[PDB]
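Form deposited in one PDB entry, single chain, as C-alpha cells, below.
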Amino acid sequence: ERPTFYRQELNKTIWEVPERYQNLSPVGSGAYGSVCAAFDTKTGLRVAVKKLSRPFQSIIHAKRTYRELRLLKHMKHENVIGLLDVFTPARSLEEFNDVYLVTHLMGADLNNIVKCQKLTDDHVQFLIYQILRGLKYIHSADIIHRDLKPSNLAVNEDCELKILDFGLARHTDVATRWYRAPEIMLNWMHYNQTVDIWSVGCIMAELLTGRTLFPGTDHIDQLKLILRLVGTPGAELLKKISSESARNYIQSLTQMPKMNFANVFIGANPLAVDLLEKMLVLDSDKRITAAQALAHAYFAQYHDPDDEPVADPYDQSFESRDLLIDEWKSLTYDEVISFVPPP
C-alpha cells in the first residue's frame, strides 16, 4: 500500500516524505546536496534523507540522476553508502518531479576529524582498512571512485565508515586536487582502478601526520609537491604515457629522487610506512590494489579474507545510449517503483 506523506519546509523547499521518517533535520553541510538526518520508525534506524535538486532540469541532470540511483541501488556493502529506500510523493509518472534518497546516517566525515581526535595508530588502521575493503567491493563491480577524499568518507561516532560519491562522472567548471592521482590531473594514458589507492595513500598519510600531504595551490604546484616525495618518473613510466603534451611537459621539470618515506613520516608504525610507499607510487601499474592492500601485515588485527566481499558485475551499458530528457526521466521513475528495500 501507498504510505501517508506529510509536508514541511526544510532547506527552503517543500519536503514530502512518508511518515516513517520522523524528525527531519538539516545537516549544516550542503556539500552533499540538500540532506536531512531523520529517524526511520520502520527500520528503527537513524537515517539520512536527501532530496534531489530539480533532478530532471536537462539531459545532464537527468542522466546524472538515473546514474546515481543506479549506483546506489546496486551497491550493497557495509563500507559503501547504499539505499535503505527511495521515494517520490508522486502517484504517477505524470506528476513525478522529485526523487528522495535514504541511507544510514553517520553525521560526520573524515575531513571533520583531524581537527578533533588526535588519532592513534590503531584507529588509523581501522579507518584505512574500511576504505580499502569498501574500495575492493566497488572495484569488483568495475566502478572507480575517481575523486576520493576525506570529505567523501562518512564516519560515525564509532569510527565506522562509509564511502560516498563514487562513480559520478567528472566536473563542469576547479575541484580540489589534494588527493587526486597525478595520472588524472595531467590526463595521461588509460587509467586503472588504482587511481583510488593513490588517494587512500594521501588520506592515510594525513591521518598519521595531522597535516595535508600535498596541499598544492594550483595545477603545477600540486605536481611539484608530489614529485618532491615520490620523485620524477623514469623512462619506464614516461614511455607508458601514451599521451603527448603531458609527457613532454612532465619531463621538462627538474629530475628528483624519491624521498625516504621512513624519515618523511618520523615516528610512525613501520608497517604503516611500508604501506604508504606501496600506495604512493607514480606509476599506477606498479601500485598496490585494494585486495592486495587488505592482506598487508599492517591490517593484521582486522584482516579476514572471508569477510571482505565482492560486488556483482555492474551493468554500465546505459552510459553509451543517447536518450531524450524525458526517457532518462522515465527510467529513473522505473528504477524508483521497482525498488526493493534490503532485508
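Residues that one form lacks are left out of the comparison. Just so we're on the same page, rigid core means the largest C-alpha set that superposes within 1.5 Å between forms. Quick note: we count residues from 1 along the sequence shown, nothing fancier.
One more form of this protein, deposited in another entry, exists but is not displayed; see below.
With a cut-off of 2 Å and the rigid core superposed, residue 260 has a Cα displacement that falls short of the cut-off between this form and the one not shown. Relative to the superposed core, residue 31 undergoes a C-alpha shift of no less than 2 Å between this form and the one not shown. With the core held fixed, residue 228 shows a CA shift below 2 Å between this form and the one not shown. Three angstroms is the minimum change: in the other form, the CA atoms of residue 249 and residue 224 sit closer than in this structure, by 3 Å or more. Put simply, residue 78 and residue 30 come closer in the other form: their C-alpha atoms are 3 Å or more nearer than in the form shown. 28 to 33, 169 to 172, 174 to 176, 188 to 190, 242 to 254 make up the set of runs between this form and the one not shown where every Cα shifts by 2 Å or more, each run at least three residues long, with the core as reference frame.
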